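Structure data follow from final23.cif (mmCIF, C-alpha atoms):
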data_target
#
loop_
_atom_site.group_PDB
_atom_site.id
_atom_site.type_symbol
_atom_site.label_atom_id
_atom_site.label_comp_id
_atom_site.auth_asym_id
_atom_site.auth_seq_id
_atom_site.Cartn_x
_atom_site.Cartn_y
_atom_site.Cartn_z
ATOM 1 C CA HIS A 248 -31.796 -6.343 -17.303
ATOM 2 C CA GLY A 249 -32.329 -4.969 -13.821
ATOM 3 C CA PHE A 250 -30.300 -5.446 -10.671
ATOM 4 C CA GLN A 251 -30.182 -8.984 -9.246
ATOM 5 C CA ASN A 252 -28.694 -8.848 -5.763
ATOM 6 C CA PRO A 253 -25.740 -11.259 -5.474
ATOM 7 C CA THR A 254 -26.016 -14.066 -2.942
ATOM 8 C CA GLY A 255 -22.670 -15.844 -2.652
ATOM 9 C CA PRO A 256 -19.249 -14.405 -1.918
ATOM 10 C CA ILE A 257 -16.967 -12.673 -4.425
ATOM 11 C CA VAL A 258 -14.223 -14.231 -6.547
ATOM 12 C CA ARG A 259 -11.354 -12.400 -8.236
ATOM 13 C CA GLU A 260 -8.718 -13.184 -10.853
ATOM 14 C CA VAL A 261 -5.510 -13.055 -8.807
ATOM 15 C CA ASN A 262 -2.506 -12.408 -11.058
ATOM 16 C CA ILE A 263 0.677 -13.625 -9.360
ATOM 17 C CA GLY A 264 4.123 -12.714 -10.678
ATOM 18 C CA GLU A 265 7.353 -14.329 -9.572
ATOM 19 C CA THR A 266 6.917 -12.994 -6.035
ATOM 20 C CA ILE A 267 4.386 -10.768 -4.306
ATOM 21 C CA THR A 268 4.116 -8.927 -1.017
ATOM 22 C CA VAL A 269 1.231 -10.195 1.093
ATOM 23 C CA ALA A 270 -0.172 -6.654 1.025
ATOM 24 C CA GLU A 271 -0.633 -6.833 -2.754
ATOM 25 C CA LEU A 272 -2.032 -10.353 -2.439
ATOM 26 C CA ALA A 273 -4.616 -9.047 0.022
ATOM 27 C CA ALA A 274 -5.340 -6.137 -2.319
ATOM 28 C CA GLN A 275 -6.034 -8.393 -5.301
ATOM 29 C CA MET A 276 -8.475 -10.616 -3.374
ATOM 30 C CA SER A 277 -10.395 -7.627 -1.928
ATOM 31 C CA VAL A 278 -9.627 -8.703 1.642
ATOM 32 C CA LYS A 279 -7.894 -6.750 4.380
ATOM 33 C CA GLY A 280 -4.232 -7.507 4.990
ATOM 34 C CA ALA A 281 -4.845 -8.324 8.648
ATOM 35 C CA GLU A 282 -7.198 -11.127 7.617
ATOM 36 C CA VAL A 283 -4.574 -12.688 5.341
ATOM 37 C CA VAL A 284 -1.959 -12.478 8.100
ATOM 38 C CA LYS A 285 -4.288 -14.082 10.640
ATOM 39 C CA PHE A 286 -5.244 -16.781 8.140
ATOM 40 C CA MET A 287 -1.620 -17.714 7.494
ATOM 41 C CA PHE A 288 -0.979 -17.692 11.240
ATOM 42 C CA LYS A 289 -3.861 -20.127 11.762
ATOM 43 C CA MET A 290 -1.978 -22.649 9.578
ATOM 44 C CA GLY A 291 1.765 -22.825 10.100
ATOM 45 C CA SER A 292 3.976 -20.053 8.783
ATOM 46 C CA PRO A 293 3.471 -16.586 10.305
ATOM 47 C CA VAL A 294 3.940 -13.441 8.232
ATOM 48 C CA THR A 295 4.033 -9.641 8.426
ATOM 49 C CA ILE A 296 2.219 -7.035 6.328
ATOM 50 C CA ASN A 297 5.059 -6.345 3.885
ATOM 51 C CA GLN A 298 6.749 -9.756 3.810
ATOM 52 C CA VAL A 299 7.472 -11.133 0.337
ATOM 53 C CA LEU A 300 5.913 -14.483 -0.588
ATOM 54 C CA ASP A 301 6.798 -16.798 -3.462
ATOM 55 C CA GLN A 302 4.695 -18.585 -6.072
ATOM 56 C CA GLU A 303 3.883 -21.730 -4.116
ATOM 57 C CA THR A 304 2.646 -20.161 -0.879
ATOM 58 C CA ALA A 305 0.795 -17.282 -2.538
ATOM 59 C CA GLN A 306 -0.940 -19.521 -5.068
ATOM 60 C CA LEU A 307 -1.843 -22.097 -2.417
ATOM 61 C CA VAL A 308 -3.363 -19.579 -0.006
ATOM 62 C CA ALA A 309 -5.152 -17.585 -2.717
ATOM 63 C CA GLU A 310 -6.654 -20.682 -4.330
ATOM 64 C CA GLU A 311 -7.633 -21.972 -0.894
ATOM 65 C CA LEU A 312 -9.533 -18.787 -0.030
ATOM 66 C CA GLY A 313 -11.643 -19.420 -3.147
ATOM 67 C CA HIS A 314 -10.230 -17.143 -5.842
ATOM 68 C CA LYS A 315 -8.850 -18.332 -9.176
ATOM 69 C CA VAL A 316 -5.100 -17.925 -9.681
ATOM 70 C CA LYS A 317 -3.680 -16.883 -13.058
ATOM 71 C CA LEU A 318 0.090 -16.823 -12.616
ATOM 72 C CA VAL A 319 2.448 -15.191 -15.115
ATOM 73 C CA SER A 320 6.166 -15.304 -15.867
ATOM 74 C CA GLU A 321 8.703 -12.505 -16.289
ATOM 75 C CA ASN A 322 10.366 -14.144 -19.304
ATOM 76 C CA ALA A 323 7.265 -14.424 -21.478
ATOM 77 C CA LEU A 324 9.033 -13.786 -24.791
ATOM 78 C CA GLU A 325 11.489 -16.587 -24.025
ATOM 79 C CA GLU A 326 8.813 -19.290 -24.037
ATOM 80 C CA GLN A 327 6.915 -17.422 -26.756
ATOM 81 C CA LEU A 328 9.958 -17.850 -29.011
ATOM 82 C CA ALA A 329 10.455 -21.459 -27.960
ATOM 83 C CA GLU A 330 7.197 -23.072 -29.125
ATOM 84 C CA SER A 331 7.863 -21.482 -32.523
ATOM 85 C CA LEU A 332 10.674 -23.978 -33.202
#

Could you write out this structure as C-alpha cells?
Amino acid sequence: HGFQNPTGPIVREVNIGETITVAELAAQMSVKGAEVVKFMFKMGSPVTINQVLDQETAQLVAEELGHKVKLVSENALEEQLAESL
C-alpha cells in the first residue's frame, strides 16, 4: 500500500447551496478565482471576484470544468416531511 503517483487531474465534490459567490465556487474546486473569472469571460457572461451566482450558472460551469456537483436545498426538512405522507 505504497504511494502511487496520480496521473490525471483532480476532481472535487462541489456542494452548491441556493446561491454562491464565485470566490467560494473557486475555493471548492481547488482553482484560483482569476481562472474562474477568465473562464466565464471566455464564454458569454463576465463576472467579478465577489459576484453572487445562482444554481444554474454555478452548476453548469462547475460540471463543465470536470467536477461533480452535489447541490443542496435550504428547506431540507420540508421535503423530508413531504415524502412521509

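Residue neighbourhood of range 277-285 of chain A, excluding near-sequence residues (fewer than 4 positions): residues 270, 273, 289, 294, 295 and 296 of chain A, at 7 Å, using all atoms listed in the file.
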
Nearby residues (all atoms listed in the file) at most 8 Å from residue 319 in chain A, same-chain spacing under 6 positions excluded, as an mmCIF file with C-alpha atoms, in the coordinates of the input:
data_model
loop_
_atom_site.group_PDB
_atom_site.id
_atom_site.type_symbol
_atom_site.label_atom_id
_atom_site.label_comp_id
_atom_site.auth_asym_id
_atom_site.auth_seq_id
_atom_site.Cartn_x
_atom_site.Cartn_y
_atom_site.Cartn_z
ATOM 1 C CA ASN A 262 -2.506 -12.408 -11.058
ATOM 2 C CA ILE A 263 0.677 -13.625 -9.360
ATOM 3 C CA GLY A 264 4.123 -12.714 -10.678
ATOM 4 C CA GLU A 265 7.353 -14.329 -9.572
#

Exercise for review: Could you expand the PyMOL selection byres ((chain A and resi 302) around 12) into the explicit residues it covers here, written as a PyMOL selection string?
Suggested key: chain A and resi 261-269+272+299-301+303-310+316-320

Check your understanding: Quick one, how far is CA of residue 293 in chain A from CA of residue 257 in chain A?
Key ->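 CA of residue 293 in chain A sits 25.5 Å away from CA of residue 257 in chain A.
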
Review point. What is the CA of residue 287 in chain A-CA of residue 259 in chain A distance in Å, reported with one decimal?
Key: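 Computing the Euclidean distance for CA of residue 287 in chain A and CA of residue 259 in chain A yields 19.2 Å.
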
Exercise for review: Provide the CA of residue 253 in chain A to CA of residue 314 in chain A distance in Å, to one decimal place.
Suggested key: 16.6 Å

Exercise for review: Can you work out which one of A:311, A:274, A:330, A:254 has the shortest atom-to-atom distance to residue 290 in chain A, counting all atoms listed in the file?
Suggested key: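 Nearest candidate to residue 290 in chain A out of A:311, A:274, A:330, A:254: A:311.
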
Return as JSON the centre and edge lengths, in Å with one decimal, of the box along x, y and z that encloses every atom of range 268-283 of chain A in the file, padded by 4 Å per side.
{"center_x": -3.1, "center_y": -9.4, "center_z": 1.7, "size_x": 22.5, "size_y": 14.6, "size_z": 21.9}

Practice item. Have a look at A:297, A:276, A:329, A:322 and name the one nearest to residue 256 in chain A; count only C-alpha atoms. Key: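 Using only C-alpha atoms, residue 256 in chain A sits closest to A:276.
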